[PDB]
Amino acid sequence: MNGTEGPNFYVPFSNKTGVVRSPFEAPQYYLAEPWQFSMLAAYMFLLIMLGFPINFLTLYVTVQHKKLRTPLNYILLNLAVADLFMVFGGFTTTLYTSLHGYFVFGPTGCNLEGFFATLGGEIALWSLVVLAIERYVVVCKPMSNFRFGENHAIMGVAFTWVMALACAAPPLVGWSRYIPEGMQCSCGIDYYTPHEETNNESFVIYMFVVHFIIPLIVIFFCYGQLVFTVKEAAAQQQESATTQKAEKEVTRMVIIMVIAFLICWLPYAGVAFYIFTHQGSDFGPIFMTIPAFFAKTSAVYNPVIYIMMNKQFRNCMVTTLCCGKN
């Protein structure tokens, strides 16, 4: 026996010695040293100090620069708002709780923190899907005489909200559940214990298929088509050095985007798959925070890739931060 079970939790540490306590009631210094809880807090501090300015600045320059308020940019605004739900739903909470060594807000605060942090990351995830569907529709021109307007952009944002609610709300009404994960300082979906009263197994399947595989297929199809269309256009227009440059830039950005998506979600999907197929094995607290580390750092590196590496946003940000220079 490798863990300790409670009504609303699973502590990944055996109670053979009798030292295990409810992660809602007492510190968990028996599954990690205090200095590791301090390093957890230090990491949350890093993600706040970087993730908040980068994502807030994205909203701010959009308010100050008229040319940013285009429909194809709406979804990037959505990305920045979603990353802020991650910053204040999860990161700040986990900074606070880690300094106590346990989840001081109780089962209720566990559902709040789990709902808003999972909602933030799922809005961000489906924003990357919708961004690719749109780029594919606009560049590859799969439809006859279709012009992408403001109402399509709003439809795309609402679709991300609905898809993220379809992931974050069921654990509040009895399909899966929210419990403290890893070092017991942050709450997330229970994708690792076979809690049958909330039907965890079928929810993890539904998560794996609908919120990982389908986003993976759509992103790969849409950008595969986009790279193919751009390479086809450049091959048929080799007298244009700019078009050859565009082809190289699009291919480089597409590689960065799909690699960044894999770095963000493949560890969560891999660990969940391994736990699913090897049901009945020891999975420690710090090992469980590895896929959390990868997914949460995307609140910093997604806006670097999708905002700061975008010519228009970078120009306006530099202008805003340097008071008025180019």
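Basically, rigid core = biggest C-alpha set you can superpose within 1.5 Å across the two forms. Don't overthink the numbering: it's just position in the shown sequence, from 1.
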Which of these two stretches, 304 to 312 or 19 to 27, has the larger RMS Cα offset in 4 other deposited structures of this protein when the rigid core is kept aligned?
304 to 312
Between 45 to 53 and 279 to 287, which has its CA atoms farther from the current form in 4 other deposited structures of this protein, using a rigid core superposition?
279 to 287
Of 159 to 167 and 141 to 149, which one has the bigger average CA B-factor?
141 to 149
For 261 to 269 versus 278 to 286, entry-based mean Cα B-factors point to 278 to 286
Tell me, please, which of 203, 178, 74, 91 has the highest C-alpha B factor according to the deposited entry?
203
From the list 209, 128, 84, 110, select the residue with the highest C-alpha B factor recorded in the entry.
209
Residue 101 by Cα B-factor - lowest, middle or highest third of the modelled chain:
middle
Among the modelled residues of its chain, the C-alpha B-factor of residue 115 falls in the third labelled lowest
Among modelled residues of the same chain, the CA temperature factor third for residue 4
middle
Among the chain's modelled residues, which third holds the C-alpha B-factor of residue 195?
highest
Can you work out whether the C-alpha temperature factor of residue 12 puts it in the lowest, middle or highest third of the chain?
middle
